[PDB]
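Undergrad: Protein chains in written order, with the authors' numbering: chain V, 213 to 239, 253 to 304; chain R, 70 to 138; chain BB, 61 to 390; chain K, 67 to 217; chain T, 119 to 177; chain F, 1 to 131; chain O, 59 to 286; chain Q, 120 to 178; chain 1, 78 to 109.
Where a beta carbon is used, it is the ideal one built from N, C-alpha and C, also for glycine.
A single structure is presented below for examination.
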Amino acid sequence: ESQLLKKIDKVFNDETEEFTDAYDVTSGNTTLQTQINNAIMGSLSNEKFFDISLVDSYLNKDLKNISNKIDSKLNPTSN
Amino acid sequence: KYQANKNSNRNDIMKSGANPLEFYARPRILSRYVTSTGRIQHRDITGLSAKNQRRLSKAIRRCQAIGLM
Amino acid sequence: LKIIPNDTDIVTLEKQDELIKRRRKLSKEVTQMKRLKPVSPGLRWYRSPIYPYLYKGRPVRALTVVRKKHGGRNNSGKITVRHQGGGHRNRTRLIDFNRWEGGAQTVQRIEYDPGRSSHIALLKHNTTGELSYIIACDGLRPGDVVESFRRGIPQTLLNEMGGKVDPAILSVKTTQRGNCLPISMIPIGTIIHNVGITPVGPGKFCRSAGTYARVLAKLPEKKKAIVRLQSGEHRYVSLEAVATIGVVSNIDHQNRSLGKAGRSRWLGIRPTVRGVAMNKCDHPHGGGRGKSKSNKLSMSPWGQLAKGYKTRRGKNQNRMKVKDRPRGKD
Amino acid sequence: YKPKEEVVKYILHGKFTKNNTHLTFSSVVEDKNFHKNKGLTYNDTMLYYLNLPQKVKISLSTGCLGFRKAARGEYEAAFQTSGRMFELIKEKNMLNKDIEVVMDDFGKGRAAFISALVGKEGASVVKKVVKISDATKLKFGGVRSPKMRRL
Amino acid sequence: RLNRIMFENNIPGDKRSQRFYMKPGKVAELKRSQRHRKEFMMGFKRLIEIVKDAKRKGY
Amino acid sequence: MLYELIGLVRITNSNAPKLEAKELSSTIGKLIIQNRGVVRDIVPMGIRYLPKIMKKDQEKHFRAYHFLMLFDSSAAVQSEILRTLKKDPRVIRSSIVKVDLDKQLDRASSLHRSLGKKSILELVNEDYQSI
Amino acid sequence: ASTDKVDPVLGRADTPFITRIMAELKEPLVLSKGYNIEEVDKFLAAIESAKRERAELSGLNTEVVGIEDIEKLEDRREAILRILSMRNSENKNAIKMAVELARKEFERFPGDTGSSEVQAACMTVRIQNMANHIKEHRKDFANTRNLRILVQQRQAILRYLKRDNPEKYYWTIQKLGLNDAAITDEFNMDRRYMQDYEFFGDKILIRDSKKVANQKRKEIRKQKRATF
Amino acid sequence: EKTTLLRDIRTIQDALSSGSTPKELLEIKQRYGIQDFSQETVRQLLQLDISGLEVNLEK
Amino acid sequence: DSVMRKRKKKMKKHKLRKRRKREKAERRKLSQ
RNA sequence: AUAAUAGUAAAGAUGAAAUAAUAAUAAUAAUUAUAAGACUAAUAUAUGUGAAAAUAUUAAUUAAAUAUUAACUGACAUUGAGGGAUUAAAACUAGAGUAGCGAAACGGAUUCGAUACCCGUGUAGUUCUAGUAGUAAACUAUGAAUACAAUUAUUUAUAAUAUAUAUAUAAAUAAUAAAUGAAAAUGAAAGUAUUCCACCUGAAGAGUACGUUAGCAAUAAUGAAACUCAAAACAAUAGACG
Ligand SMILES: [Mg+2]
Ligand SMILES: [Mg+2]
Ligand SMILES: [Mg+2]
Ligand SMILES: [Mg+2]
Ligand SMILES: [Mg+2]
Ligand SMILES: [Mg+2]
Ligand SMILES: [Mg+2]
Ligand SMILES: [Mg+2]
Ligand SMILES: [Mg+2]
Ligand SMILES: [Mg+2]
Ligand SMILES: [Mg+2]
Ligand SMILES: [Mg+2]
Ligand SMILES: [Mg+2]
Ligand SMILES: [Mg+2]
Ligand SMILES: [Mg+2]
Ligand SMILES: [Mg+2]
Ligand SMILES: [Mg+2]
Ligand SMILES: [Mg+2]
Ligand SMILES: [Mg+2]
Ligand SMILES: [Mg+2]
Ligand SMILES: [Mg+2]
Ligand SMILES: [Mg+2]
Ligand SMILES: [Mg+2]
Ligand SMILES: [Mg+2]
Ligand SMILES: [Mg+2]
Ligand SMILES: [Mg+2]
Ligand SMILES: [Mg+2]
Ligand SMILES: [Mg+2]
Ligand SMILES: [Mg+2]
Ligand SMILES: [Mg+2]
């Protein structure tokens, strides 16, 4: 009920916008950008809506393995 | 003699590919495929495929039932 | 070895929906006729509806009184109503026609009352527990809950504000079979029974088996209402008069068939002798050699026409009467 | 606050059946103390302004002009009754407010009615019409109609 | 404009039809016949157009 | 089962036309959530007059506020919700339509899917990134 | 009269296998679309760990918004569970899960879906479902015909199994609750059967006036008097 | 039970990071037979089976 | 068959129906 | 059909006319408003779906349905006597219901007559719920299954050359070559073949008569022989008629 009342207040707030279906829009690039970023950058994704590859990397230690590899080249090896 | 309304062909949402039944809550969109009195144009007039025409009429008749149109 | 899925986990209302479907099935259910093998000629045309849900035991003694037999004789000892006589010993049951109290009452059982044609329902008040008898409607079964609003809507709901008039749950709390309300708060077109005439009087009309009336109009300025009764007559009634929702039980009472004269004698009906069989000193139809009607207009033994002669005629007619009954239209 | 009634519009309605024709003339009227009264609600008041009442002033059929039996429904009879109707409007001098016209069925009198209206006959009346429409009745299913005729 | 609206909405013909009752089978046969006649007229239009074009181009 | 409910609610006491829609939506949402259900989203459509003077229970109506709730629940609850809506004098008309789910678990309401946005995930991502 | 009678459609009452499958389909936390509670819960935990350490490691410079309420995450979880809960879905999914269970309990090896026993188990589940449906839609003659056809098809496959591998045939029919007679006699789901086995618990057909049946019944029930 | 896996993992992670190590850590130590707490322990506890099928398919 | 050939049998059935209508009382008496 | 209003003497039905309707709130036309019991405009082609009968007003719950590849089973198949289930109208037995339409019946008219075609009042029926019965020009007048045979057009789903609507499959519908046929015509069959199951041996008598089975009843299934005759039919030609 807490979520229900919060969302009801937000929606039926007068200041909030209200779709009358009387106008039309002028005419997806952002969605395609998100999908392609998840498609190429894989587990290295920084996007809010990551894919299952991140969880796969966790269960595989791939992310942690790469992270310790790079950190060991950086601080210990001074590179 | 060859006056063909290809502007409608370009600008029609139904022939774009969208599901006509998806518009059952859009009387404004559906009203463009009915006569002034509310009758539905035949397929020879609408130009829609058989599947699209059946879905469109289905959506229209539904809208009428609910009362939005 | 025993295995059963005990994880019903029925959702709060899923029980309500389930019992709604069960109510629908039990309403769909029909009632059959009892027919005994005609080992005797008196059993050939004996039919009686059988209700397996009726209660086979005795009634509550505190709600009954011995029924005195008069025999059709008045205080002078002379027969004033003929054809009425000996029959099975009976007790009259003090059933409620006013329903003044109010509150929720659960129906404990449904019983056969020999003094009437409709079944009766034993009630028990949820808060005080007092027992009472009322006329059972068609769908009433042991287990249901009913109430009367003759006194009015209760403080329990008024203070709670949940079922108060503001959300108007009163409509759906009203138009449900069994409960009792004034016509003022019964909506138009509702099928009702046990109708009164006055705001302080008991239910008088539409009280027999399978009988009902419909609310046709409301006139708040005249504090009146128009109701059509089972006779087909539209009549004025007090707007604050009593009425119960639903038809009176035992709809099939009219399809019953007594198979023999002894059954009438048990019920308390003595033989009827036709006028034509009598002598002229007796019924006017009497006399005549052979079978003859004597060219005498069909009339009672006391000279009153028996075919179409309006008996209530002249100034002394019904003051509260919008439209007369079909009277041959049906 | 006292009730008062003033006419706001007028409506002329014609039913042209196959055997006869009917012309009726009515006035759409409105009270101006109704809204002055206090305690009313917006929904009710504006519902009233969509459903103003109407009162019939002139009403005549083709029988008032001497047409009997088969002559009741025909082109010339409709023409005559329409002309008589317009003369009645002119003489009772109710041409000051706005006029509307409605037609209900497609008998032989349909053509005659508006031929009279737009001819020299109805030249005065036509000057006040702003809305012309049809209100014929049809069935989306409905009750069964009589059987075929085996003429 | 009124006349065109009723003609295109087929209000008059509908009113004529609804005066009397017709059996569903007869209704179906009439519908099929009318559809066939309209189809045939469209095809004839097309063929006549072809004839006119061929004449215009000398065939 | 996913269900899309379109509802028309009467407008009275013009001071707060949306108050009745608010109250009814709160009630049915409480029903759904208490009945082991989850309302997917509630979106209003605005104050719009009806095509005809529409009558219910001997009450004339000309305009009604329109709202759309996409909610997940069972057949039984769906039924009772429908019956409560039909009973309620606060509603003029309403209808529930089953939103199929064999292909996709996440389905946006018919309105957005008509706009071309086929998922609540799509809507939320657009809000987060574009805005 | 002293022999055992088995319903050719439903088989012996309270078959342990059938009742166990029905109980499985009605357990506390069961989901549709092949989501087992343990897998989904631990997958959500894995998701949270994934986001946690990914943000922590990529954002060594603290850019994370903050920690989220455990109650809020539990609300998300319960949302998913209500979406996927079995008793909130169709009975199609229930039949599908039951068919999966029957296949795994009758398959000769992992991946055997065409063996006669597995076929029979799946048709048994479908037959149970359609019988439950007919019991509420007694006028549904199209579906009654479909049910009749499916029962006869089960008989056909079981007869083939008897002709090929008798041991598995007897094993499977006994496990299902069908006897050799019910598999090897003509069957039509006629009103006679539907009344004898009380498919609805009511009378469906009437006898001709000839009372030879009662005559023989009583002439053999005369044992109390001086007959035998 | 009065606790869930998500909150339990949260508790063990908090113990690993801050180092509080309360009685709840011992309780969960017997709940999952994990005598020691570490990121490797968390990952091993939350291991999925799908990885096994992936590796088998690769083989 | 052709409509002609059908009429030849239609008359048969018509006469049969008249027969069975007019022999009603005799059939009733014979059948008790 | 009810009531309100206002407004008048007609209206409403006919090829043309008359019965049952109408000025005493006072009818048809008109606007409100209160009811009921049937049907469901356009889309629409019965396209599609269903074994057939049948099916196109809105949602829902349940019951199966289409195509590809994956794996599996492993000839488990076709037909199907007897049997079994469903089966439009019209009928029949019980409840409710009865607005509109309408067998009968009574009156108008038309006629030489009119036991009718036309008009009025309208029963039973038509509606829903329980059932009984199992026939129709129940027709594509064409039982089912399998393997095959030459071409065009359209629409249908899915498969890509690859710049992209140019390419590949199958399905249905139209027109045909062979082939068949008494011809009309059929044309993935009424062709080339193969396995089954139901029928036919001239009309007329006759789907009648007598058993029999079944039904509450209509009635259904099964179903014969005297006495007659050289008849009796189908396709297609010319015509003469309308
Ligand atoms: Mg008496
Ligand atoms: Mg007595
Ligand atoms: Mg008597
Ligand atoms: Mg007597
Ligand atoms: Mg005597
Ligand atoms: Mg005397
Ligand atoms: Mg005598
Ligand atoms: Mg005329
Ligand atoms: Mg008539
Ligand atoms: Mg088979
Ligand atoms: Mg033949
Ligand atoms: Mg009128
Ligand atoms: Mg239609
Ligand atoms: Mg077809
Ligand atoms: Mg065989
Ligand atoms: Mg057979
Ligand atoms: Mg039909
Ligand atoms: Mg009857
Ligand atoms: Mg007649
Ligand atoms: Mg039957
Ligand atoms: Mg016959
Ligand atoms: Mg036949
Ligand atoms: Mg046909
Ligand atoms: Mg076939
Ligand atoms: Mg087959
Ligand atoms: Mg040839
Ligand atoms: Mg041959
Ligand atoms: Mg041949
Ligand atoms: Mg026979
Ligand atoms: Mg010929």
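For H61 (chain F) and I53 (chain F), I'd like the C-alpha separation in whole angstroms.
TA: Position 61 of the sixth sequence holds residue 61 (chain F). Position 53 of the sixth sequence holds residue 53 (chain F). Their backbone Cα atoms lie some 6 Å apart in a straight line.
Undergrad: Distance, Cα to Cα, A64 (chain F) vs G7 (chain F)?
TA: By 1-based counting over the sixth sequence, the position of residue 64 (chain F) is 64. By 1-based counting over the sixth sequence, the position of residue 7 (chain F) is 7. Spanning the two alpha carbons is a distance of roughly 9 Å.
Undergrad: To which residues of the same chain is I257 (chain BB) closer than 7 Å at the C-beta, ignoring the five residues directly before and after it?
TA: Numbered from 1 along the third sequence, position 197 holds the residue referred to as residue 257 (chain BB). Cβ within range, chain order: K264, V297, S298, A301.
Undergrad: Which partner residues of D41 (chain F) appear in the DSSP bridge assignment?
TA: Here residue 41 (chain F) refers to the residue found at position 41 of the sixth sequence. DSSP, once it has assigned bridges, lists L70 (chain F) as partnering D41 (chain F).
Undergrad: In the DSSP assignment, find the unbroken alpha helix (DSSP H) run with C180 (chain O) in it and report its ends.
TA: The residue labelled residue 180 (chain O) in the question sits at position 122 within the seventh sequence. Per DSSP, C180 (chain O) belongs to the alpha helix (DSSP H) from 174-192.
Undergrad: Beta carbon of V161 (chain Q), beta carbon of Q132 (chain Q): below 8 Å?
TA: Numbered from 1 along the eighth sequence, position 42 holds the residue referred to as residue 161 (chain Q). Numbered from 1 along the eighth sequence, position 13 holds the residue referred to as residue 132 (chain Q). For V161 (chain Q) and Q132 (chain Q), yes; Cβs fall inside 8 Å.
Undergrad: Determine, for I128 (chain Q), whether the minimum Cβ-Cβ distance to residues of chain O falls below 8 Å.
TA: By one-based count along the eighth sequence, residue 128 (chain Q) stands at place 9. It does; some Cβ of chain O falls within 8 Å.
Undergrad: Looking at chain O, which residues of the region 285-296 of chain V have a Cβ within less than 8 Å of any of its Cβ atoms?
TA: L288, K289, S292
Undergrad: Under three-state DSSP, which class holds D342 (chain BB)?
TA: Working through the third sequence from its first residue, we reach residue 342 (chain BB) at position 282. Looking at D342 (chain BB) - three-state DSSP - the assignment turns out to be coil, as it is neither helix nor strand.
Undergrad: Taking only beta-carbon positions, decide if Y102 (chain R) is within less than 8 Å of chain F.
TA: Within the second sequence, the letter at position 33 stands for residue 102 (chain R). Taking 8 Å as the threshold, the shortest C-beta distance from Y102 (chain R) to chain F does not fall below it.
Undergrad: Using only alpha-carbon positions, find the residue among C341 (chain BB), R349 (chain BB), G163 (chain BB), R323 (chain BB) that is nearest to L217 (chain BB).
TA: Taking the third sequence and counting its residues from 1, one reaches residue 217 (chain BB) at position 157. The candidate whose alpha carbon is nearest that of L217 (chain BB) is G163 (chain BB).
Undergrad: If you draw a straight line from the alpha carbon of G132 (chain K) to that of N85 (chain K), how long is it in whole angstroms?
TA: Position 66 of the fourth sequence, counting from 1, holds the residue named residue 132 (chain K). Position 19 of the fourth sequence, counting from 1, holds the residue named residue 85 (chain K). Roughly 15 Å between the two C-alpha positions.
Undergrad: Answer yes or no: do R134 (chain O) and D69 (chain BB) have a C-beta to C-beta separation smaller than 8 Å?
TA: Translated into the one-based positions of the seventh sequence, residue 134 (chain O) becomes position 76. Translated into the one-based positions of the third sequence, residue 69 (chain BB) becomes position 9. Not closer than 8 Å, so no.
Undergrad: What in chain K is Cβ-close to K60 (chain F), meaning under 7 Å?
TA: Counting from 1 along the sixth sequence, the entry for residue 60 (chain F) is found at position 60. Neighbours of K60 (chain F) on chain K, chain order: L113.
Undergrad: Please specify which runs of the beta strand (DSSP E), each continuous and at least 3 residues long, are wholly inside the region 143-172 of chain BB, giving them in chain order.
TA: 151-153, 163-171
Undergrad: In whole angstroms, what separates the C-alpha of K133 (chain T) from that of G139 (chain K)?
TA: If you number the fifth sequence from 1, residue 133 (chain T) lands on position 15. If you number the fourth sequence from 1, residue 139 (chain K) lands on position 73. Distance between the alpha carbons of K133 (chain T) and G139 (chain K): 18 Å.
Undergrad: Relative to the alpha-carbon of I120 (chain F), which residue among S26 (chain F), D88 (chain F), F71 (chain F), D102 (chain F) has its alpha-carbon at the smallest distance?
TA: Mapped onto the sixth sequence, residue 120 (chain F) falls at position 120. Checking every option, the nearest Cα to that of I120 (chain F) belongs to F71 (chain F).
Undergrad: Flag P119 (chain BB) as yes when its Cβ comes closer than 7 Å to any non-hydrogen atom of ligand 9, and as no otherwise.
TA: One-based indexing of the third sequence puts residue 119 (chain BB) at position 59. No - ligand 9 has no heavy atom lying nearer than 7 Å to the Cβ of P119 (chain BB).
Undergrad: Under the rule that 16 or more other beta-carbon atoms within 10 Å means buried, what is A76 (chain F), buried or exposed?
TA: Taking the first residue of the sixth sequence as position 1, residue 76 (chain F) is located at position 76. Under this definition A76 (chain F) is a buried residue.
Undergrad: What residue range is occupied by the uninterrupted alpha helix (DSSP H) comprising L79 (chain BB)?
TA: On the third sequence, residue 79 (chain BB) is found 19 positions in, with the first residue counted as 1. Unbroken alpha helix (DSSP H) run through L79 (chain BB): 74-88.
Undergrad: Report the rounded CA-to-CA distance for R153 (chain T) versus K144 (chain T), giving the unit in angstroms.
TA: The residue given as residue 153 (chain T) occupies position 35 in the fifth sequence. The residue given as residue 144 (chain T) occupies position 26 in the fifth sequence. The alpha-carbon atoms of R153 (chain T) and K144 (chain T) are separated by roughly 14 Å.
Undergrad: For residue 391 (chain BB), is the classification buried or exposed, using 16 other Cβ atoms within 10 angstroms of its Cβ as the cut-off for buried?
TA: With chain BB running from 61 to 390 in the structure shown, residue 391 (chain BB) is simply not present.
Undergrad: For chain BB, is any of its Cβ atoms less than 8 Å away from the one on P89 (chain F)?
TA: On the sixth sequence, residue 89 (chain F) is found 89 positions in, with the first residue counted as 1. Judged by the 8 Å Cβ criterion, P89 (chain F) is in contact with chain BB.
Undergrad: Can you give the Cα-Cα distance for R36 (chain F) and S74 (chain F), rounded to whole angstroms?
TA: Locating residue 36 (chain F) in the sixth sequence gives position 36, counting from the first residue. Locating residue 74 (chain F) in the sixth sequence gives position 74, counting from the first residue. Approximately 9 Å between the Cα atoms of the pair.
Undergrad: Is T332 (chain BB) near ligand 3 - that is, is its Cβ less than 7 Å away from at least one heavy atom of it?
TA: Sequence index remark: in the third sequence, residue 332 (chain BB) carries index 272 (1-based). It does: the Cβ of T332 (chain BB) is within 7 Å (strictly closer) of some heavy atom of ligand 3.
Undergrad: Can you tell which of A189 (chain O), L216 (chain O), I215 (chain O) has its C-alpha closest to the C-alpha of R203 (chain O)?
TA: Sequence index remark: in the seventh sequence, residue 203 (chain O) carries index 145 (1-based). Residue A189 (chain O) is the option with its Cα nearest to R203 (chain O).
Undergrad: I'd like to know whether the C-beta of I32 (chain F) is nearer than 8 Å to at least one C-beta of chain R.
TA: On the sixth sequence, position 32 is the one that residue 32 (chain F) refers to. Taking Cβ atoms only, chain R never reaches closer than 8 Å to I32 (chain F), which makes this a no.
Undergrad: According to a CB-to-CB cut-off of less than 9 Å, which residues of the region 188-216 of chain K neighbour chain T?
TA: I198, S199, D200, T202, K203, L204, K205, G208, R210, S211, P212, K213, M214, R215
Undergrad: Compare the Cα-Cα distances from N262 (chain V) to each of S239 (chain V), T238 (chain V), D276 (chain V) and report the closest residue.
TA: Counted from its first residue, the first sequence places residue 262 (chain V) at position 37. Among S239 (chain V), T238 (chain V), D276 (chain V), the Cα nearest to that of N262 (chain V) belongs to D276 (chain V).
Undergrad: Any contact between the region 81-99 of chain K and the region 174-183 of chain K? By contact I mean 3 or more CB pairs, one from each, below 8 Å.
TA: yes
Undergrad: Name, in chain order, the residues that DSSP records as bridge partners for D200 (chain K).
TA: Stepping through the fourth sequence from its first residue, residue 200 (chain K) is reached at position 134. According to DSSP, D200 (chain K) bridges with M169 (chain K).
Undergrad: Give every residue of the same chain whose Cβ lies closer than 8 Å to the Cβ of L279 (chain BB), excluding the five residues on either side of it in the sequence, and list them in chain order.
TA: If you number the third sequence from 1, residue 279 (chain BB) lands on position 219. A285, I286, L299.
Undergrad: I'd like the span of the beta strand (DSSP E) that includes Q120 (chain K), first residue to last.
TA: By 1-based counting over the fourth sequence, the position of residue 120 (chain K) is 54. Here the beta strand (DSSP E) through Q120 (chain K) covers 120-127.
Undergrad: So who's on the other strand from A181 (chain BB), going by DSSP bridges?
TA: Here residue 181 (chain BB) refers to the residue found at position 121 when the third sequence is read from its first residue. Answer is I170 (chain BB), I194 (chain BB), bridged to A181 (chain BB).
Undergrad: May I ask whether a heavy atom of ligand 2 can be found less than 7 Å away from the beta carbon of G328 (chain BB)?
TA: On the third sequence, position 268 is the one that residue 328 (chain BB) refers to. Checking the Cβ of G328 (chain BB) against ligand 2 gives yes.
Undergrad: I believe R288 (chain BB) touches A303 (chain BB) by the beta-carbon criterion, under 8 Å. Please report the beta-carbon distance rounded to the nearest angstrom.
TA: What you label residue 288 (chain BB) is simply residue 228 of the third sequence in a count that begins at 1. What you label residue 303 (chain BB) is simply residue 243 of the third sequence in a count that begins at 1. That belief does not hold up - the Cβ atoms of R288 (chain BB) and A303 (chain BB) are roughly 13 Å apart, past 8 Å.
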